[PDB]
Amino acid sequence: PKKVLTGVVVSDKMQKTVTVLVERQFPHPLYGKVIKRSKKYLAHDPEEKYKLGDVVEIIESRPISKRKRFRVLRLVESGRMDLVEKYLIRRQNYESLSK
Amino acid sequence: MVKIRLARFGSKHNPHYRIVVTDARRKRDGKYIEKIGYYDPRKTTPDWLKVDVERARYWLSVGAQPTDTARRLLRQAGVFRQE
Amino acid sequence: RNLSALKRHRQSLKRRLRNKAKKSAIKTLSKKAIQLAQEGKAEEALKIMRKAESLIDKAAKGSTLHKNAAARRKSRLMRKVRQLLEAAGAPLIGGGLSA
Amino acid sequence: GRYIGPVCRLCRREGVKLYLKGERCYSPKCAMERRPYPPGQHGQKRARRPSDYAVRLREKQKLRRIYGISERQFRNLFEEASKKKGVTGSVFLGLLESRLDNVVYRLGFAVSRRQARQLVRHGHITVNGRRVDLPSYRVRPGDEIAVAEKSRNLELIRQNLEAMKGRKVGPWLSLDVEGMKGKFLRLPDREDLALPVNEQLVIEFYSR
RNA sequence: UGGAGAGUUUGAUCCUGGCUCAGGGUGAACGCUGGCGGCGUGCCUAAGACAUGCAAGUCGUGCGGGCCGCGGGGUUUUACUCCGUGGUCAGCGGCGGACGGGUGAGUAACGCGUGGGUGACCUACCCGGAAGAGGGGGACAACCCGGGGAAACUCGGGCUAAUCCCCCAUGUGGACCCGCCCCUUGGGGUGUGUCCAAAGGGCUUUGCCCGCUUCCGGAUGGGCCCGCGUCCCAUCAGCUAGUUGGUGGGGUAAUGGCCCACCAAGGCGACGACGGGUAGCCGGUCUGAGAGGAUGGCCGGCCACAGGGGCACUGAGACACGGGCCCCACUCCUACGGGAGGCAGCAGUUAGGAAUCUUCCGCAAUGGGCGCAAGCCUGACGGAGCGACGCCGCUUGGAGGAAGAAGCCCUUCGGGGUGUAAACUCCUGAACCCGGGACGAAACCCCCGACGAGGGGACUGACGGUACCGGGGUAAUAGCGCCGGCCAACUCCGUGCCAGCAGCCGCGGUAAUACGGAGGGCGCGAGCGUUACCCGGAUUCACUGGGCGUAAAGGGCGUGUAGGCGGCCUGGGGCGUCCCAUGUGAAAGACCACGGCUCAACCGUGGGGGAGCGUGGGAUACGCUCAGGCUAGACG
Ligand SMILES: [K+]
Ligand SMILES: [K+]
Ligand SMILES: [K+]
Ligand SMILES: [K+]
Ligand SMILES: [K+]
Ligand SMILES: [K+]
Ligand SMILES: [K+]
Ligand SMILES: [K+]
Ligand SMILES: [K+]
Ligand SMILES: [K+]
Ligand SMILES: [K+]
Ligand SMILES: [K+]
Ligand SMILES: [Mg+2]
Ligand SMILES: [Mg+2]
Ligand SMILES: [Mg+2]
Ligand SMILES: [Mg+2]
Ligand SMILES: [Mg+2]
Ligand SMILES: [Mg+2]
Ligand SMILES: [Mg+2]
Ligand SMILES: [Mg+2]
Ligand SMILES: [Mg+2]
Ligand SMILES: [Mg+2]
Ligand SMILES: [Mg+2]
Ligand SMILES: [Mg+2]
Ligand SMILES: [Mg+2]
Ligand SMILES: [Mg+2]
Ligand SMILES: [Mg+2]
Ligand SMILES: [Mg+2]
Ligand SMILES: [Mg+2]
Ligand SMILES: [Mg+2]
Ligand SMILES: [Mg+2]
Ligand SMILES: [Mg+2]
Ligand SMILES: [Mg+2]
Ligand SMILES: [Mg+2]
Ligand SMILES: [Mg+2]
Ligand SMILES: [Mg+2]
Ligand SMILES: [Mg+2]
Ligand SMILES: [Mg+2]
Ligand SMILES: [Mg+2]
Ligand SMILES: [Mg+2]
Ligand SMILES: [Mg+2]
Ligand SMILES: [Mg+2]
Ligand SMILES: [Mg+2]
Ligand SMILES: [Mg+2]
Ligand SMILES: [Mg+2]
Ligand SMILES: [Mg+2]
Ligand SMILES: [Mg+2]
Ligand SMILES: [Mg+2]
Ligand SMILES: [Mg+2]
Ligand SMILES: [Mg+2]
Ligand SMILES: [Mg+2]
Ligand SMILES: [Mg+2]
Ligand SMILES: [Mg+2]
Ligand SMILES: [Mg+2]
Ligand SMILES: [Mg+2]
Ligand SMILES: [Mg+2]
Ligand SMILES: [Mg+2]
Ligand SMILES: [Mg+2]
Ligand SMILES: [Mg+2]
Ligand SMILES: [Mg+2]
Ligand SMILES: [Mg+2]
Ligand SMILES: [Mg+2]
Ligand SMILES: [Mg+2]
Ligand SMILES: [Mg+2]
Ligand SMILES: [Mg+2]
Ligand SMILES: [Mg+2]
Ligand SMILES: [Mg+2]
Ligand SMILES: [Mg+2]
Ligand SMILES: [Mg+2]
Ligand SMILES: [Mg+2]
Ligand SMILES: [Mg+2]
Ligand SMILES: [Mg+2]
Ligand SMILES: [Mg+2]
Ligand SMILES: [Mg+2]
Ligand SMILES: [Mg+2]
Ligand SMILES: [Mg+2]
Ligand SMILES: [Mg+2]
Ligand SMILES: [Mg+2]
Ligand SMILES: [Mg+2]
Ligand SMILES: [Mg+2]
Ligand SMILES: [Mg+2]
Ligand SMILES: [Mg+2]
Ligand SMILES: [Mg+2]
Ligand SMILES: [Mg+2]
Ligand SMILES: [Mg+2]
Ligand SMILES: [Mg+2]
Ligand SMILES: [Mg+2]
Ligand SMILES: [Mg+2]
Ligand SMILES: [Mg+2]
Ligand SMILES: [Mg+2]
Ligand SMILES: [Mg+2]
Ligand SMILES: [Mg+2]
Ligand SMILES: [Mg+2]
Ligand SMILES: [Mg+2]
Ligand SMILES: [Mg+2]
Ligand SMILES: [Mg+2]
Ligand SMILES: [Mg+2]
Ligand SMILES: [Mg+2]
Ligand SMILES: [Mg+2]
Ligand SMILES: [Mg+2]
Ligand SMILES: [Mg+2]
Ligand SMILES: [Mg+2]
Ligand SMILES: [Mg+2]
Ligand SMILES: [Mg+2]
Ligand SMILES: [Mg+2]
Ligand SMILES: [Mg+2]
Ligand SMILES: [Mg+2]
Ligand SMILES: [Mg+2]
Ligand SMILES: [Mg+2]
Ligand SMILES: [Mg+2]
Ligand SMILES: [Mg+2]
Ligand SMILES: [Mg+2]
Ligand SMILES: [Mg+2]
Ligand SMILES: [Mg+2]
Ligand SMILES: [Mg+2]
Ligand SMILES: [Mg+2]
Ligand SMILES: [Mg+2]
Ligand SMILES: [Mg+2]
Ligand SMILES: [Mg+2]
Ligand SMILES: [Mg+2]
Ligand SMILES: [Mg+2]
Ligand SMILES: [Mg+2]
Ligand SMILES: [Mg+2]
Ligand SMILES: [Mg+2]
Ligand SMILES: [Mg+2]
Ligand SMILES: [Mg+2]
Ligand SMILES: [Mg+2]
Ligand SMILES: [Zn+2]
């Protein structure tokens, strides 16, 4: 079966493309704590249908381009900008630690 | 092509063969598709030759080609017997 | 002091000159046909596209222009010709293109 | 190697009368009957309180030198027993008693275990009919240990099986004296063996 | 069925704490010593350089010839020529050279492991099914002639065959554009239009065999894509210009920014990008109570590479180890113009290094390529050789033998020790000497049958006169370390902080169980020690399993970002969590049972397993999320 993930659209700045951040929980292999990792996937939106904040499902697809290997299956729930704000804050914190 | 042949598994001066289905290109002791029997040339035990008949019939139906020795061993096990 | 498998090498050279020839024809004819489709001459364009398709398939007979790469070339050729004729119209000779 | 050399010096060093010569360890000539102290210049001197390692090492050396088995085969048999299910000590003793040379000694074919080793090594012993010349051969319950028909006319076998008339054999062994053969009935229990050795000390010695 | 500790800081103690030792392991090496056999194993360094031989070919049942020879013909003879045949040589043509074999360089990466996707794909030979093969035409080698070059080799002209190339036809069918239907990414069907097939050979000769062509499917093998996992350094913090995306193209069997035009300004990063370093990865292996640590040699799977770098051709398949082209370094030939070569294939040479083998036998067995077959090729492989390198089996004798030879060492001078040890007595018979003497090998093939099933017959052994069996038959290698404590084993003499020992504590400066020798003893034994390295002890990087008042260790303090953590009640969801079924978890190894070499090592068979991940279903206590409510926390 083609893998199906669920994430948040955090970048609509590309043409016919979205950036879906997908989280996942798993116990640490040695320390057993349930830790939360995350990964961004470039998903294909051929109709510019999905916008920022939309929580969507993502399906493994025939490759559309380099780095782009997934399509947007459906919209789970409409825009919730809280997670997008969290991601943008986590990104903006990188400018504080340079030198 | 896919062939039915013998793989050597015994020690030195103690040959023990596995009647085995594998691609002809892979080495004779390499990863085979399925073990369909075993053969002991020195007849050390009362059961020195065993063959899965239905599996051999299947692999012959799909187009495997046994070696002359493999064909001899299969014929001795009644794989081709249609009486 | 070497082995006679150099014969193979010789053969390859011949086959090279055999393949490069056929392709060199096909491409050429293709261009020609496309030109006649851009300029509106429909009967001549299709009459040449027929020969181009014939050469493509005849090269597919051998090891020169073998499996469905030949269908790729035929598809692209016929698509481009039908598209360029739609800019002018009147598919006169009614050759490779279906009704 | 089999340690080959003086034997009753081990009768002395081990502190317990061993039977490595067969006879003459029963006669008042074992040198353990008349010299019970350990060998060497410092044998008669007052012994110091030995360490625990000393006790365990001496016990294991007693148990090993009783059978005349090298340290290699001894450690291998011990590890083999420890791998098996059951009490390590009793299984180890049953393995040691299952050796072909020890079975020959127990059946009275030889007066000593080393004489039994020489009898086996020279092909004078058959197992189930087939000649076997390996002292390390393991006897299974049900095997018939016999004397070679070509060797039954030798003087030593005549003497040994002429003295075995009326003598009893171990509970796990049977003996046909006229046919010069015997059977290994079962593995011997710890109660069946009269060995002056504490097996738990040897287990603790290899536990280190 | 699984877990041992000890020595050492002090005058003594407790604690903290490091160091060291007892264990196991090795592709080992070195010293002393060294008898046999079986099974394994053997360049870890210079991915340095290589003399020589072999290692990849095969088909006359695809085709025409050259050379040498024989036989029979057309002729009265000659000249000339026709046919058959033998040997040989290449050539054209087909298949194979992309497998097998080697190595660990490079790679931190979809390379590998694992689980999936391909509606985005290919697969020569093989298997099943449907259909077909009609006619014509052409060229290049071999060969003949001439030229150029020292050579490698090369250039031009002419003749010719084919399963070589081409044209037309036949359209079972397939390919493509467009339209419709089903299906849902490029899957399947249908219509018109267009385009596309073929090769013959052999006979036991008008009937079969090897083939050929188009298509569908199977099988096998692979390409590509995705989730998760995969070392150290943050004394590397910002990285990116084909960079991220789009449109349209080119390209491939196929998706793709793979490549290219034009357009948009994006993409990645403390959840560690980028950079540096190191390193093939895994099944496994070593160790460990386990968790874990270390490792990836032999064998098996995948990868990458073939003097260094780059590139295409041919082909089903290669960016091709023993194919091609160019640049670079090196070696060789050279008429100085120019050429030849590429052991990380087998063996061997040399260099480096502490260190790693025979320039061996064989096509008998297994496997592979070609061939209808006979058969040819195969340094794949099967064996032998060398090396205690490892594992296992075995021998150097067995029994009797003094209140106890001699010698040697102690000594209270009474004696004690080496010690039943020896000499000796009797017995067996390692070595060797003879005779027999293998299994591994029955198929391919031939005959009957029907070239099927079935039956029958025949050939073929490198190892090797080896294994093994029978007879005969000689008492016939023992060494190495240690003896102060950890740690099993004590005396004498010599030496005098000298000579030296030492893993740690430490010993020796006159009477040393510690140095050296002797006697004796302890431990192993064809081995014993040493060194190196790995795990162990080590709970000493503490998940299981540690700590921070004074022993190493709380940041000088606050505010607060990300993150981590979250009071009580009800409900929905079922992400974590849990359960059932199922798929996967190759083989070998590991575990258990039985069995084969006289045992064992080694090996065969069978059984049992198993974390993880995919799928279907279920559970909702807790963690999570959403919605509502409460006031004990918090704030006012
Ligand atoms: K920035
Ligand atoms: K102390
Ligand atoms: K020519
Ligand atoms: K049609
Ligand atoms: K397939
Ligand atoms: K090649
Ligand atoms: K005899
Ligand atoms: K037959
Ligand atoms: K004999
Ligand atoms: K001196
Ligand atoms: K000394
Ligand atoms: K754990
Ligand atoms: Mg999410
Ligand atoms: Mg957008
Ligand atoms: Mg695109
Ligand atoms: Mg293969
Ligand atoms: Mg049978
Ligand atoms: Mg059949
Ligand atoms: Mg060739
Ligand atoms: Mg050829
Ligand atoms: Mg042109
Ligand atoms: Mg091609
Ligand atoms: Mg046990
Ligand atoms: Mg146990
Ligand atoms: Mg300590
Ligand atoms: Mg102090
Ligand atoms: Mg002190
Ligand atoms: Mg004090
Ligand atoms: Mg060690
Ligand atoms: Mg060790
Ligand atoms: Mg020597
Ligand atoms: Mg050997
Ligand atoms: Mg070898
Ligand atoms: Mg190494
Ligand atoms: Mg190397
Ligand atoms: Mg003539
Ligand atoms: Mg006439
Ligand atoms: Mg004349
Ligand atoms: Mg000829
Ligand atoms: Mg030829
Ligand atoms: Mg030529
Ligand atoms: Mg290979
Ligand atoms: Mg790096
Ligand atoms: Mg990196
Ligand atoms: Mg993967
Ligand atoms: Mg990855
Ligand atoms: Mg995979
Ligand atoms: Mg074909
Ligand atoms: Mg074909
Ligand atoms: Mg077919
Ligand atoms: Mg012709
Ligand atoms: Mg012609
Ligand atoms: Mg012609
Ligand atoms: Mg010409
Ligand atoms: Mg001519
Ligand atoms: Mg053809
Ligand atoms: Mg049709
Ligand atoms: Mg046609
Ligand atoms: Mg023709
Ligand atoms: Mg005919
Ligand atoms: Mg043929
Ligand atoms: Mg696949
Ligand atoms: Mg790129
Ligand atoms: Mg594109
Ligand atoms: Mg290609
Ligand atoms: Mg980047
Ligand atoms: Mg991340
Ligand atoms: Mg490296
Ligand atoms: Mg273990
Ligand atoms: Mg283990
Ligand atoms: Mg482990
Ligand atoms: Mg590793
Ligand atoms: Mg390897
Ligand atoms: Mg390997
Ligand atoms: Mg080299
Ligand atoms: Mg290169
Ligand atoms: Mg090169
Ligand atoms: Mg081919
Ligand atoms: Mg390559
Ligand atoms: Mg190449
Ligand atoms: Mg080579
Ligand atoms: Mg060349
Ligand atoms: Mg040297
Ligand atoms: Mg070798
Ligand atoms: Mg040879
Ligand atoms: Mg062969
Ligand atoms: Mg063969
Ligand atoms: Mg070999
Ligand atoms: Mg040994
Ligand atoms: Mg004696
Ligand atoms: Mg005699
Ligand atoms: Mg036979
Ligand atoms: Mg016939
Ligand atoms: Mg037959
Ligand atoms: Mg043959
Ligand atoms: Mg012979
Ligand atoms: Mg004999
Ligand atoms: Mg002591
Ligand atoms: Mg010393
Ligand atoms: Mg040390
Ligand atoms: Mg003095
Ligand atoms: Mg002194
Ligand atoms: Mg001393
Ligand atoms: Mg001594
Ligand atoms: Mg050693
Ligand atoms: Mg250590
Ligand atoms: Mg630890
Ligand atoms: Mg522990
Ligand atoms: Mg440490
Ligand atoms: Mg902890
Ligand atoms: Mg602590
Ligand atoms: Mg402090
Ligand atoms: Mg403070
Ligand atoms: Mg937060
Ligand atoms: Mg917060
Ligand atoms: Mg709660
Ligand atoms: Mg929370
Ligand atoms: Mg609930
Ligand atoms: Mg769930
Ligand atoms: Mg397994
Ligand atoms: Mg098994
Ligand atoms: Mg057995
Ligand atoms: Mg299971
Ligand atoms: Mg489920
Ligand atoms: Mg519920
Ligand atoms: Mg609330
Ligand atoms: Mg208040
Ligand atoms: Zn005694």
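The residue numbers of chain D are those assigned by Swiss-Prot, with the residues present covering 2-209 sequentially.
Heads up, header says this was done by X-ray crystallography, 3.3 Å.
Placed from the backbone N, Cα and C atoms, the Cβ positions cover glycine too.
Taken straight from Swiss-Prot:
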{"type": "BINDING", "residues": "D:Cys9, D:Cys12, D:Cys26, D:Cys31", "note": "Zn(2+) binding site"}
{"type": "DOMAIN", "residues": "D:99-161", "note": "domain 'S4 RNA-binding'"}
Relative to the Cβ of D:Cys9 (Zn(2+) binding site), which residues of the same chain, six or more apart in sequence, are found under 8 Å away?
D:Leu19, D:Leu21, D:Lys22, D:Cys26, D:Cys31, D:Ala32, D:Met33
Report the same-chain neighbours of D:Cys12 (Zn(2+) binding site): residues 6+ apart in sequence with Cβ closer than 8 Å to its Cβ, ordered by sequence.
D:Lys18, D:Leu19, D:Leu21, D:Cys26, D:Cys31, D:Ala32, D:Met33
Cβ packing number for D:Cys26 (Zn(2+) binding site), 10 Å threshold:
20
Cβ-Cβ neighbours of D:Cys31 (Zn(2+) binding site) (radius 10 Å):
22
Secondary structure of D:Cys9 (Zn(2+) binding site) (DSSP, helix/strand/coil):
helix
Around the Zn(2+) site (D:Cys9, D:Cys12, D:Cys26, D:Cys31), what further same-chain residues have their C-beta within 8 angstroms of the site's C-beta centre?
D:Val8, D:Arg13, D:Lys18, D:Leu19, D:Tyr20, D:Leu21, D:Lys22, D:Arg25, D:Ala32, D:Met33, D:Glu34
